[PDB]
Amino acid sequence: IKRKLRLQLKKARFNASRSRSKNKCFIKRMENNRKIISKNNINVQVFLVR
RNA sequence: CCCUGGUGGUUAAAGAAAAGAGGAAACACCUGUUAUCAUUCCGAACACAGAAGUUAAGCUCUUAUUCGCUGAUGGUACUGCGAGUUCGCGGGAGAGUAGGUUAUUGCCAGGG
């Protein structure tokens, strides 16, 4: 099988193998962060997670 | 203060064309080349000497926006970033369209 195609295919399969549950957790976190940022003049605690 | 003439600032056509209104003052057209001046020839422009006449033109004002110029709100193109992917967040045209536009203003002189 040709190397160009198999590299494309392997990369596409890795990309597509993401879990919707994890995506939903990330979406929930993003929504929470945007809601907090929408505020103004409050003390906020920032954790680094990535 | 206002009209007119001259001189600045504020730059969005503060643009040209067509039609109408005036001209007291001011301005312009207009008179003569003969005096200094100018033209690669020509008082046309300019230069000089003056006021007989006029709104015709330039100019000012009023006009349909006829040409131009300017321009929405949305939408789209495009773009930053993202463990949401033809998506999530942020910014947002050009063009087109509803429209709008023939300025405004500081201070010198003449007199209404």
# chains A, B, ... in the order shown; residues from 1 in each chain; ligands from 1
>>> interface_residues(of="chain A", to="chain B", cutoff="12 Å", atoms="only C-alpha atoms (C1' of nucleotides)", output="MDAnalysis selection string")
chainID A and resid 15:31 33:34 50
>>> residues_around(residues="residue 36 of chain B", least_positions_apart="3", cutoff="12 Å", atoms="only C-alpha atoms (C1' of nucleotides)", output="ChimeraX atom specification")
/B:47-49
>>> select_by_dssp(residues="chain A", states="helix (DSSP H, G or I)", output="PyMOL selection string")
chain A and resi 3-16+20-37
>>> residues_around(residues="residue 24 of chain B", least_positions_apart="2", cutoff="10 Å", atoms="only C-alpha atoms (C1' of nucleotides)", output="PyMOL selection string")
chain B and resi 26+111-112
>>> write_last_selection(atoms="C-alpha atoms (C1' of nucleotides)", output="PDB file, in the first residue's frame")
ATOM      1  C1'   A B  26     -18.204  96.354  -4.234  1.00  0.00           C
ATOM      2  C1'   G B 111     -22.062 100.887   4.034  1.00  0.00           C
ATOM      3  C1'   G B 112     -26.218  99.780   5.146  1.00  0.00           C
TER       4        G B 112
END
>>> residues_around(residues="residue 77 of chain B", least_positions_apart="5", cutoff="12 Å", atoms="only C-alpha atoms (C1' of nucleotides)", output="number ranges by chain")
B: 92-95
>>> write_last_selection(atoms="N, CA, C and O atoms (P, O5', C5', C4', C3', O3' and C1' of nucleotides)", output="PDB file, in the first residue's frame")
ATOM      1  P     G B  92     -15.526  45.407  14.204  1.00  0.00           P
ATOM      2  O5'   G B  92     -15.575  45.016  12.660  1.00  0.00           O
ATOM      3  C5'   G B  92     -14.594  45.495  11.753  1.00  0.00           C
ATOM      4  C4'   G B  92     -14.650  44.761  10.436  1.00  0.00           C
ATOM      5  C3'   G B  92     -15.994  44.777   9.723  1.00  0.00           C
ATOM      6  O3'   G B  92     -16.221  45.970   8.995  1.00  0.00           O
ATOM      7  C1'   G B  92     -15.157  42.571   9.762  1.00  0.00           C
ATOM      8  P     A B  93     -17.712  46.366   8.543  1.00  0.00           P
ATOM      9  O5'   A B  93     -17.915  45.587   7.168  1.00  0.00           O
ATOM     10  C5'   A B  93     -17.723  46.242   5.923  1.00  0.00           C
ATOM     11  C4'   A B  93     -16.341  45.995   5.373  1.00  0.00           C
ATOM     12  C3'   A B  93     -16.101  46.457   3.944  1.00  0.00           C
ATOM     13  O3'   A B  93     -15.823  47.843   3.852  1.00  0.00           O
ATOM     14  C1'   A B  93     -15.277  44.260   4.207  1.00  0.00           C
ATOM     15  P     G B  94     -16.761  48.802   2.967  1.00  0.00           P
ATOM     16  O5'   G B  94     -16.449  48.370   1.466  1.00  0.00           O
ATOM     17  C5'   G B  94     -15.158  48.557   0.905  1.00  0.00           C
ATOM     18  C4'   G B  94     -14.962  47.706  -0.324  1.00  0.00           C
ATOM     19  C3'   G B  94     -16.027  47.840  -1.403  1.00  0.00           C
ATOM     20  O3'   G B  94     -15.831  48.967  -2.239  1.00  0.00           O
ATOM     21  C1'   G B  94     -15.622  45.554  -0.985  1.00  0.00           C
ATOM     22  P     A B  95     -17.056  49.958  -2.561  1.00  0.00           P
ATOM     23  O5'   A B  95     -18.069  49.060  -3.404  1.00  0.00           O
ATOM     24  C5'   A B  95     -17.700  48.542  -4.674  1.00  0.00           C
ATOM     25  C4'   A B  95     -18.601  47.407  -5.090  1.00  0.00           C
ATOM     26  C3'   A B  95     -20.088  47.724  -5.156  1.00  0.00           C
ATOM     27  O3'   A B  95     -20.462  48.372  -6.360  1.00  0.00           O
ATOM     28  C1'   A B  95     -19.773  45.707  -3.975  1.00  0.00           C
TER      29        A B  95
END
>>> residues_around(residues="segment 52-63 of chain B", least_positions_apart="3", cutoff="9 Å", atoms="only C-alpha atoms (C1' of nucleotides)", output="ChimeraX atom specification")
/B:19-23,27-31
>>> atom_distance(atom1="atom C1' of residue 12 of chain B", atom2="atom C1' of residue 65 of chain B")
17.0 Å
